[PDB]
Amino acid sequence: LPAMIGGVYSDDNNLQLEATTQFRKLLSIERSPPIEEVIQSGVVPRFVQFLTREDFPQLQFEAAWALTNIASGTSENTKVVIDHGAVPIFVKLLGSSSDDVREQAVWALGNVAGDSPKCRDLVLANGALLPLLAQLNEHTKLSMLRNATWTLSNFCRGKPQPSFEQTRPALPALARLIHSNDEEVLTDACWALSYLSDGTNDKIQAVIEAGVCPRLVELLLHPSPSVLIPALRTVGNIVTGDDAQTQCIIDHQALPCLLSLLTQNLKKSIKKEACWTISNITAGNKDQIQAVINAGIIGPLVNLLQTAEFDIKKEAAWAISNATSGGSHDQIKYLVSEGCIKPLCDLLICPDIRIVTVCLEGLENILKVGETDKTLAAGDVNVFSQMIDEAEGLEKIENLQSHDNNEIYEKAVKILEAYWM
């Protein structure tokens, strides 16, 4: 150790190089690297000097590597590296003649930027995004693609989100990168895109205009949950936008894909997200709702609303209820023919107060259609009221006149007064 600190501070390149390699090796260990202990040895500022030794690309590389391993540590370890001015240097190193140095500068910058939004915004401020995207072309080796994408994803990560104007140029690169077959690149790219599509519809506008939609729908069927999860997030974000933005996704047969996500034995978290995604499509027009009906999603949807875990039931209710909101008279009768009345009634006693309002709202839209059929047939009774009554739904609503919440209170009264006088 005292020979390490010394050679680092020496004038001899041999001494300098061995010591840095040793420190690097010291910091390169897998189980609890001695990061606190390499900083308090006072070589960190000397490591930052070695980064500028363009004549000694090996020392640069080794120094950048030890600095990277230091910045993988605690928030403080990262704040020390920043304070010694390494951020602009690593960005300058992205223009290195050496490929090992450029790849390491990327990994370093990803580590600093991964620390916090604060650190992310400084790395972006030192102009790291533009020299980063220039390292990506038709000849970029896989190791660098993994490094660069993981870094690009971290530049985008974080709450509050970075300016969209700052992260926008990275969109063309990410749009290419999702065409890779490498799981790691596909993983980080989709996470990166899931961050950029999260926000206002003009952000979603930028994302679909970059042309990612077809490939994203394919990644729904990726065998790895590591790729499916961020891809499902992105696709879900896109369909929270308008009808036309939602259409870019529907156009590439995503509904049959989402259908299979609910049917195969997958994690609750995944099934829950496909349903939230499905809910934002039945939150669309009569034809987007028709696109869902056509794929055969209602059938399985109802089954989930009836028998699935409550984190899934919550989202299946929203899908079903939203469909009654924008749907036609006939589509709505199809939802009832698939047997959605009973599963909607059963949730009027769930402890989640928002859900109860959603089912109640969905049940009322069913009631209005049944009311129109009662007039068209000049009948005595609303057929759908009889079904709601049959599902023990009439008694639940009668009891919701006892609810503590005014939103729920006023709607139960409204429903009973409009359909049960």
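In case it trips you up, residue 1 is the first one in the sequence shown, and so on. Heads up, when I say rigid core I mean the largest set of C-alphas that superpose within 1.5 Å between the two forms.
Larger average C-alpha displacement in 5 other deposited structures of this protein, relative to the shown form after a rigid core fit, is seen for 24-32 when comparing 59-67 with 24-32.
Core superposition of the other structures onto this form places the C-alphas of 134-142 farther off in 5 other deposited structures of this protein than those of the other stretch among 134-142 and 86-94. On average the C-alpha atoms of 69-77 have higher B-factors than those of the other stretch, with 69-77 and 114-122 being the two compared. 149-157 and 303-311 differ in mean CA B-factor, and the higher of the two is recorded for 303-311.
Split the chain's modelled residues into thirds by C-alpha temperature factor. Residue 188 is in the lowest one.
Annotation for residue 180: C-alpha temperature factor in the lowest third relative to the rest of the modelled chain, per the entry. In the deposited entry, the Cα temperature factor of residue 206 places it in the middle third of its chain's modelled residues. Placement of the Cα temperature factor of residue 138 within the chain: highest third of the modelled residues, per the deposited record. Annotation for residue 286: CA B-factor lies in the middle third of the chain's modelled residues.
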